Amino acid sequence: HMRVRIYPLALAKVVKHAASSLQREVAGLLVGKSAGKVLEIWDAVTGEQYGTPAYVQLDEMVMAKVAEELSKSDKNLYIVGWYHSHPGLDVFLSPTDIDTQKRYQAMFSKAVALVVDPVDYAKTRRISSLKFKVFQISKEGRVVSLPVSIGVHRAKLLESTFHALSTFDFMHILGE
């Protein structure tokens, strides 16, 4: 099965997003690149930041805007999938999620769906309580859970952290 490597700030952003809002399902886009046979996840962007607080995984206009912006980044990054939370429901793809993931794979064969259920992590504050999986649909149409590692290659760790920090939609007050 394809290995997935997630750099730590991408995962932190997913988790913070999911755990921040336990009474609803949140979603966003995964940003990264292939590294030989491994799919690397460098960043995660919320639907909210692009104006879509629910179901941004289905929002083609947002995907095109994110893709156009990455067109400039010059780290050679692209959309690699989508994420969403399932608070209190555990981690799986629903029938609708499967259809969404099939469409993602049509546009990029290595696309993945990260599903997180942050409830236990919110309760214990231990990262070990996190429940998440990264899925693809197999060629036989089966949902498969992929092996996930944390990315630690030092140069890419630095680059990915600097990138993911730069895209975090921090709260701010503008000067006039």
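One-based numbering along the sequence shown.
Self-check item: 50-58 versus 140-148 - which carries the larger mean C-alpha B factor in the record
Solution: So the stretch with the higher mean C-alpha B-factor is 50-58.
Quiz item: Quick one: higher average CA temperature factor, 6-14 or 19-27?
Solution: The deposited B-factors put 19-27 ahead on the C-alpha mean.
Quiz prompt | Residue with maximal Cα B-factor (values as given in the PDB entry) among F108, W42, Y121, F135 | solution = Highest C-alpha B-factor among the listed options: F108.
Quiz item: Thinking about Cα B factors across the chain, which third does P87 belong to?
Solution: Middle third.
Quiz item: What third of its chain's C-alpha B-factors does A35 belong to: lowest, middle or highest?
Solution: For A35, the deposited C-alpha B-factor lands in the highest third.
Quiz item: Going by the entry, which third of its chain does the Cα temperature factor of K131 land in?
Solution: Within its chain, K131 is a lowest-third residue by C-alpha B-factor, going by the deposited values.
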